[PDB]
Structure formats: C-alpha cells, structure tokens
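Now for the letters of each chain:
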Amino acid sequence: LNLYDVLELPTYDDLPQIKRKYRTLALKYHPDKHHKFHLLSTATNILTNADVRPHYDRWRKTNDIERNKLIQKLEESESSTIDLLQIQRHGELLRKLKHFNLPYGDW
Amino acid sequence: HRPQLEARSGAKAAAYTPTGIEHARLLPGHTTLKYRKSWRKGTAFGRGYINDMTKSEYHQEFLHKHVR
Amino acid sequence: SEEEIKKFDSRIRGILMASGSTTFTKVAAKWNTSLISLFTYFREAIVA
Amino acid sequence: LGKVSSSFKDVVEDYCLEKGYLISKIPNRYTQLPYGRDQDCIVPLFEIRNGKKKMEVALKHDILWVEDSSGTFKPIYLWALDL
Amino acid sequence: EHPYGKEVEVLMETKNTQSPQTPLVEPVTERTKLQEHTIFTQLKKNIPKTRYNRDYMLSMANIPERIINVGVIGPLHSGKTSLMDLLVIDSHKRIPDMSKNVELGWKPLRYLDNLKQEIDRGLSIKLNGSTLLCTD
Amino acid sequence: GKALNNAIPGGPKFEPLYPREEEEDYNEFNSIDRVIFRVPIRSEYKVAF
Amino acid sequence: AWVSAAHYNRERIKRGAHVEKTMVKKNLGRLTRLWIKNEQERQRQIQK
Amino acid sequence: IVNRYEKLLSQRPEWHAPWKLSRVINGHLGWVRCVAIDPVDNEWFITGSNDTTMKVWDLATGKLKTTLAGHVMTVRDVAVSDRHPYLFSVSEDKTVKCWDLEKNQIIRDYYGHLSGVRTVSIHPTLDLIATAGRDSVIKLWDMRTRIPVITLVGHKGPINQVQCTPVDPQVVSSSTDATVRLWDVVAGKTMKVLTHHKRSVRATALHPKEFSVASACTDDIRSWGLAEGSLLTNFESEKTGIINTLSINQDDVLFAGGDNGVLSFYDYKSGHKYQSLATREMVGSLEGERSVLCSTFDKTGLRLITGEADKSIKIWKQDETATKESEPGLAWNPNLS
RNA sequence: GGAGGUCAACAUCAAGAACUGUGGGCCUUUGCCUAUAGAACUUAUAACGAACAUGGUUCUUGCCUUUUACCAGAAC
Ligand SMILES: Nc1nc2c(ncn2[C@@H]2O[C@H](COP(=O)(O)OP(=O)(O)OP(=O)(O)O)[C@@H](O)[C@H]2O)c(=O)[nH]1
Ligand SMILES: [Mg+2]
Ligand SMILES: [Mg+2]
C-alpha cells in the first residue's frame, strides 16, 4: 500500500503542500472524531521537510516497466517476421561408368 | 410522399407502455458469462494488383467463363 | 460428359421453376423432349 | 537413366572397397533430410570405418550426405570423402 | 510497390493462416485434466489409506530376503486383473473409485486397468502392478 | 458406423457427418505397384478395428 | 458491393442450391450489364 | 484579453517525434470502417469492413489469421473486451452481435434498435454494453441477459460515437445535432451538455490517463475535461474537414484522420499541430477514395493503425531518429482566433 | 416415542477421478507442505432417467416460386 493509497489521496509537493495535505486529511479523517493516521504521521514527517519528501518520492514507474517489456516483445516479434544439382549429377555419371564398366578414373 | 427525410426517434418508443409478449429469441440461453484471467522448323511462327472491381484479373476470368 | 449431364438436370429444373401452373400435359412434353434428346444423341453412353 | 540397371549405393560400395573402409547399415537411427524442396526426407544411415573411426552416411537420390559438426547433413562429392 | 518502394511492406492477404477452428483466445485451464488419456489420482490427500500402515512396509525393503516379486499371467479373461482387484480392495480401506455399484459389485471393479483405451476396449493392455504387504 | 459412413447389414443408415470425401492426394505411397491385393478388406472389418 | 453480390449469387447457382425464382432473372441481368461493360472497355482500350 | 495571448507565448510545448509509414495491408474487398485491438496481448486486430466481414489480422507480421462473417450488411463498429473473452460487433443491420473469442461463433444477439447501430462501447467495470445509432438513443444492454436495461433519451439526431467511463459521466455521446452529452445513467438523464461544436460531432476519444475526452467536428477539434465538464483546450486546425476519427496515444499524442486524406497529428497538452501527412491513394484508386475511416493505437502506443477508404489498412510507425536535429514541426505560432 | 404420507420448505447432485472439517510448519488471509477425523446420493461399454421429447442461433444439405410448416447431419 502506498502512502498515497493509505491516505486515499492522489499522487512535487512543497513542504507547505505537505503540511496542507495533513491538515486536509485531519479535517476529513480526524481520529478523535472517527491506525491509518500512523502512516500519515510518518509520511508527513518526511514530507513536512521538503528534502525528505523529495528524496522519499525519488526512491506507476513499474507499470512503465511493463510498457518497456511490451515494447521489447513487439521489437522481437516484428523484425523476426520480416551445388546440390552438381553433386547428384556427378554421382549419376559415376554410376554410368560402373554400368558401362569403363574403368573409373582416380575420381 | 417518398423517401426518409428523417428517422424515427427511439425516444417515442421509450414512453409507451410495455405489452409483455414473450419472444422465442429472448428465451434464456448462454446464461453464464466467461471471465478472462526438322518437323519443328517448317511452321510459320515461334522459332500486378489494380484496385477496382471491373478491371481486376479475377473479374475478366469470371465473365470470360460464365458468359461462354 | 459431365457438362451435358448438368445441362439435362438444369433443364428439368427449368420445367420445374417455370411450370408453376402450366398444367400437367405441357410439362410432360417438355420432360420427354429433353429425355429423348439426351438419350438419342448419346443413346449408347447413358447406360454407364 | 531409368534404363541403367546399376544402382548408386553400388557405386559407393565400390568406392569404399578401394579405400578399404567398411560400410554398415545401422538399423534404427535415421536423419531428417533437406533436399531442394521445402521439405525434409527421412533416410536410414550407415557408418564407415577405416580402422576404428565411425562416420555416418545417408544417400538419397544420387548423393552422399555427411553431417556437419554442429549437426544436420550436408551433401558432399564422392571424391570429397576421406574420413 | 513504387508508391512506397523502400521501407514499406506491401502485403496482399487472401486465404488464411490459422485454420478457423483455433481458439483465437486460448482457454485458460488452471488444473491439468488427465481424465482423457488415463484415469489416475493426482494429490497426496486422495491416495487411499492402506490399513497396514505403508511406513511399516517401507521398512521391509531393507531386508532383501523378505520382499518378493510375483507376476500374474494367463490367457484372455482368466481373471488376472480382477484377482489383483481382490488383493487391493482387501488391503486399502477406502477407495474413491468404488461406486456403490461395484462395492457390492455386479460390475467388476477393475483397478489395475487404469487406461481409457483399456476401459473402453474391455481388455488389459499395458502391464500395471502394485506393491503391498500382506500377512501369510 | 455413422462417423465412418458405413452400414452394418441390418443397421441404420445416416448422413455422412463428413460430407467431403472428394479431396484426393496423390503420392507414391499407396501406389498400385507397391501393393499386394490379398483379401478384399470388406466393410465389416472397418467397424471392428 | 453490387458486383460482388453478382459473383456470389452466380457461383451459388452453378452449384444449384435453393436459388429463388427471381434471383436467377436478376442475377442474369447483373451479369449482362457487367459483360457489356467488359466489352466496351476492351474496345476503348483498343482505340487508345 | 491580450494577457491570454502573452500567456500563450510562455509555454513552448511538448516536443514529440514525427510518424511515418511502416506497412500496407490490402485484403478487404470493401472499405474498412472500424478497427479495434486486442486489449491484452497486442497480438492482433479486428477490422470491420464494408463487405460485412471482419478479418483478424496479426499485428506483428500483418498476416491474416481468420475471418468472421455473420453480418448481412456493413459493420460500422467493433469492440473487444478486457475482462471477457468477448468481441461485440455491430452493424447497419440493426443488430449487436456478441462473439465468443474461444470458439469463434456468435453467442448472443441483442435486439431492439429501430435502425442501424453505429457505435459500441464496453463499460469497463459493469458488464454492460452501450450501443447507439440512428435511433437517436443510447441503449445500455445487460451483457448477460440481453435486456436493454436503460435507454438514454437526449440527442435530437443520430448518435455517432459513444464512450464509457468508470466514474461519473459513465457515458459520453456525440451526435449530429452538434452536441456532446455527458450522461448520468442511474438517474438516466443528462448530467452536462457541451454545445460548443458548430456541426456534427463525428468522432471522440478518451485520453487513457488524464480523464478527459477529445471531440471533433468539421474544422475544429476541441478537448473536454470530464468531471466538471469544462472545456480544457482547443486544437489549432485550419480547414482539415472532415475529421473522421481521433485516437490518443499514451504519450499524449492526438491523431486526427481526415477525409481529405491528411493525417493531422497533435500534441494533446498544447493544441499544437506538429505534423501533417498525406497518404498515397493506391495503384488504381480514385483521388476521392483517399481518406481515413478509422484508427487506433496499440496498447503501447508506438504504432498506429488506420483503415482507409481505399480498401487498405495502413500501419504508421514513429521515427526513432528524430530528436532536435530535425524534428521540428510547424513550431507554435498562435494565430489570432 | 415407533410406523408411515402420490405432504411441504430449504440444502445438494458432472468434477485435478474430482468432498469436507480439524491439528501443526513456511510465506504473508490467500497459498504450499505435513498430521488427523468423517465421507449420504450419482458415475467406467461412464451417470441423476436401465427412459427420451421440443425449441433457439450458426453452419452444411434436401424439398424447390416466396414465408410459416419442413428434409437430415454437425457445433454451441
Ligand atoms: N464367472 C466368472 N466370471 C469372471 C470371473 N472373474 C472374471 N470374470 C469375467 O471374465 C472377464 C475377465 O475378467 P478380468 O479379470 O477383468 O479380465 P482379465 O483377467 O484382465 O483378462 P485380461 O484383460 O486379458 O488380463 C470379466 O469380464 C469378468 O466379468 C469369475 O471369477 N467368474
Ligand atoms: Mg487384465
Ligand atoms: Mg412478398
């Protein structure tokens, strides 16, 4: 579950925006009015400092990875899709001599 | 007194009262969905896709035959 | 030959589709003529 | 050519005799054969030894086929065989 | 061709690949059904319960003098397979394949039969054994 | 009997179930020169085996 | 579409399976139209 | 109002790469009216036709897998299902036929349109179908029991194009009365009307992400935010008319098929037109027959598939060289409206 | 309390040759492994029926002016 998923909220927010997010959620899901908030407190802890918020978000992306896999599969699929006579003849000649019985040359 | 100039709006049929006749084709069928997871010499002689229906080759084969 | 077999069959179908109400007698002559013509030209062959 | 009484295999045998190599039938084993057509023939194969070397030959039409190192038979000239 | 001429593949398709019957979306079969080719029990929990305690049997295997190999042969319909049936259903306590019918059987429970073709054909074809301990 | 479009001399007659026999493939395989005509291979055998 | 219906109905009649009394007549009409078009095409192309 | 015009000169939008022609597939006898793509594996097309058939083409090599007949007249629309192994086709014969992809045979027929039915869209989560056509009403079909559960009275003319969305408005519709309605189905009445188009709205497309829709008309392709129902943006278009279809790549590229044969690609964010192509008609075709009847992108969005009125399907691929050397398209000059 | 009833309601009856409950271990409820108890009815020349009807859609035919009514095979 994502921190965004836990709060039931949507996904570069500022340190200010981080504070405002908590404030908005607090109004909605105020624990004193209505375990989930544990997540909110932690993520807010880093989000309230813009640095932590940014780094945390730094590390949908995976799904993009799914797109990459699809692309690889497509590339593999499309690109891929996109003397004897003399020998038998010589053998035929060789048998003819054997039939005629004429001595074989040292082949 | 001829042709369509319009079509009939289904809206009209939406306001009528139902009759409730039972048809043959609405009887239950497929009732369960599926979810996914030297002689020769003496003679006188001898020694591609167009897009259209009428001018194609198959057509001239056709009419070349069936008309005899 | 297969062709003229099909021509015969097609002719009988002719009498059928056409003689919706042409009377029995008219049909019979038409049926006979095709038959006499078919046998006589091939007389011998038809047996096989 | 149909007229000619003699059969190849015979020729091969004759050739082998001069070499002193011995050709043996090998009953079960067979190799899929690629010939001009986009189809592969199946033929039984035999192995010829000069002393104690075994190599395997399958002849279809009028030709001798010897397998390439990775695998799959390649046609070769009769003079072109030395074991 | 020349209208495009270089990179473009102009392909004119008629006929078909993939003969019409093919599913075009493959039905997902989660379990593997053997029932077509043979009839055979694939779980650890459905193997019958061998009153004589299999574990104790496997111990006999250490003593080479103790275990013996008996084959059963005889002409058509002499009753071989239906004899093995007697041995088995004596040994095992509860067999899932017994119908109420064959239990009091009118119809012979043929246990070592096991193959579809041998069931319908009425005969026995490929040899099949069993291992069990039994008291003299 | 039905699937193979045969009849037991007292059995019922059905439709073909596979209406097209007409396609014939020509290859050296079944050629007369290579076959021995012994026993007729009459119809009752087809239903048995 | 019209032409393709003419071909299809014709090759349905060659097998001779349940063609209506009129469809034979109509189909004949479409075929004679098409045949004359082929003729005039051939003649013009001979002029040019 | 100039302030807006300055605020159009700050942005300098969204570079993309041009497109070019990878593959041409002949093989339909009539026109190609509609195209849809296997939403899971990207292994194939189903293409309607004007010859009544439907021909399932392989996306990889372009070979023809199978043919599905079964309609007596032209097939205006085809839609394949995600959750189900079903294919819903619909035609001018007044009928919406289901197709079981497993056995390739018609399963169900839905009945009850007065006349030709030009659009099917498969609701994502509900096991519904939405069909529409010259009836001038939208019929919400229960997929299982074939009961036309809900009917949406509304537009004063034929209904060209219909879409489905998981949240509110669950059905978006577009008609020849030059409107686009955003429907609320449970109550069964219009949630919002969007009148800004001047003539028949002949095509729409849903952005795969942003939750908006792109609507078309003769000369003006607009966009629309769903939810509120605001206008979002406009797209720069001089006369391209007539716009037969729209399609939205996952990269925010907005395709526009012309009746003049021009392929007008846009950026979706901006409204800028970064490329315009012209198709080659065909060997023996007419200059009238050059147009684009339908189109779509694969699940990836790096290929484009356009059925054309010249009886051919064309597959447009995105150039890999590109970048800034020479991509640049028409380069963002916002003329005065 | 026992026997019944041309009484009713509610369950269940076509499948990895296949059921359910419970004890323990691993992953993290699901699921896998291990231990234990009980399994009515229906199934092997396969099935609730030792019997045997009809209808719909889609193909192939057959009658053959066209529709109902149909001919006889298949799949769902
Ligand atoms: N009267 C009688 N008939 C029996 C007896 N045992 C078996 N049969 C019948 O004889 C037939 C043969 O019995 P099976 O044991 O199944 O046949 P089999 O021994 O396997 O014969 P194979 O398949 O050749 O091994 C069966 O159909 C039984 O019904 C018996 O003890 N008495
Ligand atoms: Mg036996
Ligand atoms: Mg009438």
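Throughout what follows, the structure given in this document is the object of discussion.

Attention shifts here to the overall build of chain B. Along the backbone of chain B there are two helices and zero strands. The C-alpha atoms of chain B give a radius of gyration of 32 Å, which is well past the 11 Å a tight globule of 68 residues would have. In terms of its C-alpha atoms, chain B occupies a principal-axis envelope of roughly 95 × 55 × 25 Å.

The next thing to look at is a negative patch on the surface. Side chains of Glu21(F), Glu22(F), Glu23(F), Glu24(F) and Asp25(F) sit close together on the surface and give a patch of like negative charge. The topology assignment puts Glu21(F) in the segment before α1 (44-48).

With that out of the way, let us pick up the pairing of strand β11 (residues 128-133) of chain H. All names here are of chain H. The element β11 is extensively covered by neighbouring structure, given that six of its six residues are classed as buried. Across the two faces of β11 the burial is the same, with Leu128, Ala130 and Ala132 and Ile129, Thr131 and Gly133 all buried. Where strand β10 (residues 117-122) lies against β11, five bridges are found, and the strand directions are antiparallel. Following the sheet pairing, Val117 is matched in β11 by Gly133. Linkage of β10 to β11, two consecutive antiparallel strands, is achieved through a turn of five residues, within which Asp127 is found at a positive phi near 60°. With five bridges joining them, β11 and strand β12 (residues 138-142) adopt antiparallel strand pairing. Directly across from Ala130, in β12, lies its bridge partner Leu140.

Further remarks concern the sheet that holds strand β9 (residues 105-110) of chain H. All names here are of chain H. Taking strand neighbours across the sheet as the criterion, the four strands line up as β6-β7-β8-β9 in an open arrangement whose pairing is antiparallel. Here the strands that pair on one side only, and so sit at the sheet edges, are β6 (75-80) and β9. This sheet shows a mean twist of 25° between the axes of neighbouring strands, independent of strand direction. Relative to strand β8 (residues 96-100), strand β7 (residues 87-91) runs antiparallel, the two sharing two bridges. By the bridge assignment, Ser89 is partnered in β8 with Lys97.

Another point: a nonpolar patch on the surface. Taken together, the side chains of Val70(E), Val72(E), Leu83(E), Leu86(E) and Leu87(E) present a nonpolar region at the surface, about 440 Å² in accessible area. Structurally, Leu86(E) is set in helix α2 (residues 80-91).

As a further point, take the protein's contact with RNA strand I. As a matter of local geometry, RNA strand I sits amid 32 residues, with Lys33(E), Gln35(E), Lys107(E), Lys2(F) and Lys103(H) nearest to it. The sugar and phosphate moieties of RNA strand I supply 65% of its atoms located within 4 Å of the protein. A distance of 3.4 Å separates a sugar or linking oxygen of RNA strand I from a polar side-chain atom of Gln105(H).

Here the focus is the sheet that holds strand β20 (residues 222-225) of chain H. Residues and elements named next belong to chain H. With respect to topology, three strands assemble into an open sheet ordered β18-β19-β20, the strand pairing being antiparallel. Taken across any chain shown, the strands that pair with only one partner, and hence form the sheet edges, are β18 (204-206) and β20. Neighbour-to-neighbour, the strand axes of this sheet turn through a mean angle of 20°, independent of strand direction. Across four bridges, strand β19 (residues 212-215) lies against β20 in antiparallel orientation. Bridging from a neighbouring strand, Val213 pairs with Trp224 of β20.

Right, let's get into the pattern of salt bridges. As a working rule, side chains carrying opposite charge can pair if their charged atoms are close by. Summed over the entire model, instances satisfying the criterion amount to 34 salt bridges over all chains. Its salt-bridge partner being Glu78(A), residue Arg303(H) comes within 2.6 Å of it at the nearest N-O pair. Here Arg303(H) is found in strand β26 (residues 303-308), whereas its partner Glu78(A) is found in helix α5 (residues 61-81) on a different chain. A salt bridge links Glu39(G) to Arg42(G); the shortest N-O distance between them is 2.7 Å. With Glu39(G) and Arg42(G) both in helix α2 (residues 21-47) and three residues apart, this pair spans about one turn of that helix. Taken together, the shared-partner salt bridges in this structure form one network comprising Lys34(B), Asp100(H) and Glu102(H).

The next thing to look at is the interface of chain E and chain H. Across the contact, 19 residues belong to chain E and 26 residues belong to chain H. The contact between chain E and chain H buries some 2,000 Å² in all, and 53% of this surface belongs to carbon and sulfur atoms. For chain E, the biggest contributors to the area lost against chain H are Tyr4(E), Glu13(E) and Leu24(E); these three give 30% of the whole. Between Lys63(H) and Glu13(E) there is a salt bridge whose closest N-O contact spans 3.2 Å. Taken together, the links from chain E to chain H amount to nine residue pairs in polar contact. Residues of the side of chain E that touches chain H, tallied by class, amount to eleven nonpolar, four polar and four charged. Relative to strand β1 (residues 19-25) of chain H, strand β1 (residues 9-11) of chain E runs parallel, the two being bridged by three bridges.

Residues and elements named next belong to chain H. Every second residue of β19 is oriented toward a common face, with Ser212 and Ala214 on one face and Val213 and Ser215 on the other, all of them buried. Bridge count for β18 against β19 is three bridges, and the pairing is antiparallel. Looking at β19, one finds that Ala205 is bridged to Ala214. Linking two consecutive strands that pair antiparallel, namely β19 and β20, is a turn of six residues.

Attention now moves to the packing of helix α2 (residues 15-29) of chain A against helix α3 (residues 36-47) of chain A. Residue and element names in this part refer to chain A. Running from amino to carboxyl end, α2 crosses α3 at an angle of 165°, the nearest separation of the two axes being 9 Å. Taken together, the axis directions place α2 and α3 in an arrangement best described as roughly antiparallel. Read as a crossing pair, α2 and α3 show a hand that is left-handed. Of α3, the residues touching α2 (which contributes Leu15, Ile18, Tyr22 and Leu25) are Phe37, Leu40, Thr44 and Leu47.

This next bit is on the site of ligand 1. All names here are of chain E. Ligand 1 sits among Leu76, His77, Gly79, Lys80, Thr81, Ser82, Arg110, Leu123 and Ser124. In this structure, an oxygen atom belonging to ligand 1 sits 2.7 Å away from a main-chain N or O atom of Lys80. Here an oxygen atom of ligand 1 sits 2.8 Å away from a polar atom, N or O, in the side chain of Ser124. Protein coverage of the free-state accessible area of ligand 1, which is 640 Å², stands at 53%. Partitioned by chemical class, the residues of the shell around ligand 1 number two nonpolar, five polar and two charged.

All names here are of chain H. Here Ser223 shows up in strand β20. At 3.2 Å, the side chain of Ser223 forms a polar contact with the backbone oxygen of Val213. Here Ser223 is in contact with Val213, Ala214, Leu231, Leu232, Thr233, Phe235 and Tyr268, once residues within four sequence places are set aside.

Here we come to the nonpolar core. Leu59(D) and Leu78(D) are the most contacted members of the largest nonpolar core, which has 23 residues in total. At four residues, helix α1 (residues 8-19) of chain D tops the list of elements feeding residues into this core. If near-sequence neighbours (up to four positions away) are discounted, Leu78(D) is found in contact with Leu94(A), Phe8(D), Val11(D), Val12(D) and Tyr15(D).

A few words now on unusual backbone geometry. Its identity as a non-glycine residue notwithstanding, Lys15(E) has a phi of 55°, on the positive side. Mapped onto the elements of the fold, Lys15(E) is located in the loop between β1 and α1 (54-60). Accessibility expressed as a relative area gives 70% for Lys15(E), which makes it exposed. The residue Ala178(H) is not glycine, and still its phi comes out positive at about 70°. Here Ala178(H) shows up in the loop between β15 (171-175) and β16 (180-184).

Now for the coordination of the magnesium ion (ligand 2). Residue and element names in this part refer to chain E. The coordination sphere of the magnesium ion (ligand 2), as far as protein atoms go, consists of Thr81 (OG1) and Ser124 (OG), spread over 2.0 to 2.1 Å. With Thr81 in helix α2 and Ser124 in the segment after α4 (116-120), this residue pair connects regions lying 43 residues apart in the sequence. With relative accessibility at 40%, the residue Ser124 sits in the partly exposed group.

Our focus in this paragraph is the interface of chain A and chain H. Each partner contributes residues to the interface: chain A has ten residues there, and chain H has 15 residues. Its largest share of buried area at the contact with chain H, chain A owes to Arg67(A), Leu70(A) and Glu78(A), together 53% of the area lost on that side. As a salt-bridge pair, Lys73(A) and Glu43(H) come within 3.1 Å of each other at their nearest N and O atoms. Summed over the shared surface of chain A and chain H, the result is four residue pairs in polar contact. Partitioning the side of chain A that touches chain H into residue classes produces four nonpolar, two polar and four charged.

Calculation criteria
- By convention in this text, residue numbers begin from 1 on each chain and track the written sequence, not necessarily the entry numbering, and residues missing coordinates are not displayed.
- Chains carry letters from A onward and ligands carry numbers from 1 onward, assigned in written order.
- Note that the chains on view sit within a larger assembly, with every value limited to the chains on view.
- Water and hydrogen atoms play no part in the side-chain values, which are based on all heavy atoms of the structure.
- Residues with missing side-chain atoms are left out of burial classes, side-chain pairs and their counts.
- Helix and strand labels come from DSSP, where a helix needs a run of H or I of at least four residues and a strand needs a run of E of at least two; each type is numbered from the N terminus.
- We take the radius of gyration over the C-alpha atoms and set the globule estimate at 2.2 Å times the residue count to the 0.38 power.
- Patch construction takes residues with relative accessible area above 30% that form no salt bridge. Like charges are linked within 9 Å, and nonpolar side chains (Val, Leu, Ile, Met, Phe, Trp, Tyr) are linked within 5 Å.
- Per-residue and other accessible areas follow the Shrake-Rupley method at a 1.4 Å probe size, with only the shown protein chains counted as cover for residues.
- Salt bridge, as applied in this entry: a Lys or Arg side-chain nitrogen positioned within 4 Å of an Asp or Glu carboxyl oxygen.
- When charges are counted, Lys and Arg are positive and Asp and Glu negative, with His and the chain ends excluded.
- Think of each charge as sitting on NZ of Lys, CZ of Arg, CG of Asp or CD of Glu.
- Using a 1.4 Å probe on the protein chains alone, a residue whose accessible area is under 20% of its type maximum counts as buried, one over 50% counts as exposed, and one in between counts as partly exposed.
- Pairing between strands is defined by DSSP: at least two bridges between them are needed.
- Inter-axis angles, ranging from 0 to 180 degrees, are taken between N-to-C directions of lines fitted to C-alpha atoms, where helices are fitted over the stretch in contact.
- Throughout, the term near means that a residue has one or more heavy atoms lying within 4 Å of the molecule or strand in question.
- The term polar contact refers here to a pair of N or O atoms within 3.5 Å; inside protein, the definition further demands a hydrogen-donor-capable atom paired with an acceptor-capable atom, and it admits residues adjacent in sequence only when both atoms are side-chain atoms.
- We call two residues in contact when some of their heavy atoms are within 4.5 Å.
- We define buried area as the total accessible area lost by two parts upon association, computed with a 1.4 Å probe and summed across both.
- Under the scheme applied here, ten amino acids are nonpolar (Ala, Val, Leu, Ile, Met, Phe, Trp, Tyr, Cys and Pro), four are charged (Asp, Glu, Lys and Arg), and all others, including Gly, are polar.
- An angle below 35 degrees is treated as roughly parallel, one above 145 as roughly antiparallel, one from 65 to 115 as roughly perpendicular, and anything else as oblique.
- Here a crossing is taken to be left-handed if its near helix is turned anticlockwise relative to the far helix by less than a right angle, and right-handed if that turn runs clockwise.
- Nine residue types can take part in a nonpolar core, namely buried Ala, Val, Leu, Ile, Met, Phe, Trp, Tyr and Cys, and a core is a set of them joined through side-chain atoms within 4.5 Å.
- The donor definition counts N, O and S atoms within 2.8 Å of each metal and applies 3.2 Å to Na, K and Ca; water is not among these atoms, so some sites may look incomplete.

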